[PDB]
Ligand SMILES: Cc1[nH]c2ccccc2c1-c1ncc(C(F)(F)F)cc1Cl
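This document starts with one chain, in the form deposited without the named molecule, laid out as structure tokens.
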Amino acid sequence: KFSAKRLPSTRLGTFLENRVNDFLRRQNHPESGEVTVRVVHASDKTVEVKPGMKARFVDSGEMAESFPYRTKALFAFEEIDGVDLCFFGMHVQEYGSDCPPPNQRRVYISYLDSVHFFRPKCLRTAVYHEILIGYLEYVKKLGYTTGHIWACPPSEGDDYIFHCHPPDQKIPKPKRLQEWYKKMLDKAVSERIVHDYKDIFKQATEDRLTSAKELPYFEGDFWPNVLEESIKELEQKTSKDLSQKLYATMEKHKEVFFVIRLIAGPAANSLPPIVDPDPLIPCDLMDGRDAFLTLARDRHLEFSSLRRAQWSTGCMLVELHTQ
């Protein structure tokens, strides 16, 4: 039996599917099927401060050399005609209470992906909200104060977590994707899960950010590459700053980057240490998005039709059950 439900359990994965299924139960639509949510990878990693920032702040003892975090991979599956169809997947970076500033108590979405075959089509949007709001609610409960989202769609014919998408599933334009996350976060605010949210520029302004060493530094994020480019440009200068370039860049791309406050004011100051109840889950196939993208490209595990998607889901589960 190589079904999604059979995969090992986590406090995180069960919190999410319960939120999804309670929602669907209430909706009581006859075309909906049971959804199952599973964390298929959990490992401890570090994000190393890149050369420019290392020479400016690390070498002077002003900034930590690296930031420890936990990476988790999790996927969601719905029963569509007696069989599991993987319609959502996500990779996250979690920086706990032992992490040095500016990263402590922060979560970041590395990549998120979906296959538009959730049944019915009229309930897709609402189900995506349940998973994402549920993840925010879950980490807030553990004592993570902030969520970070880089709302950016893929490049020219680019695939994130799933191999070969339906040609019908259009790559959203940036303003559509931004509006989507704004709407999900307004809903999380109304449910009293998110205290408030802000764009990166407005957030640094309100935090009185004066140095590049104060900006959260995540694996594969836009801002560590911007700082590198900016330092290179500034070091090339001869005469016969960094923060002002950072503020200008942040203003220019502000709508793309969300800073989500889950815990506000004094409640965020007297928190106990973050204790994750879930154990580490070694699974090389799901350590980052590349290993599953390769296995799916080699074994032709496609998601370009409902039938092709259901097929590749089955294969995915057989591979996940082997380890």
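The first residue of the shown sequence is 1; numbering continues from there.
If you look for the form solved in complex with the named molecule, you will not find it shown, but the lines that follow are about it.
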Candidate spot 150, 209 and 218, all three touching the named molecule in the deposited complex (heavy atom, 4.5 Å) = yes
Partner proximity in the deposited complex: residue 223 to the named molecule, non-hydrogen atom cutoff 4.5 Å
yes
* Find out whether any non-hydrogen atom of residue 49 is located within 4.5 angstroms of the named molecule in the deposited complex, and reply yes or no. => no
Q) With the partner left out of view, is residue 108 within 4.5 angstroms of the named molecule in the deposited complex by any non-hydrogen atom? A) yes
For residue 57, is any heavy atom within 4.5 Å of the named molecule in the deposited complex, or not? no
With a 4.5 Å heavy atom cut-off to the named molecule in the deposited complex, the contacting stretch among 137-145, 77-85, 199-207, 186-194 is 199-207
Checked 259, 296, 40, 35 for heavy atoms within 4.5 Å of the named molecule in the deposited complex; positive is 259
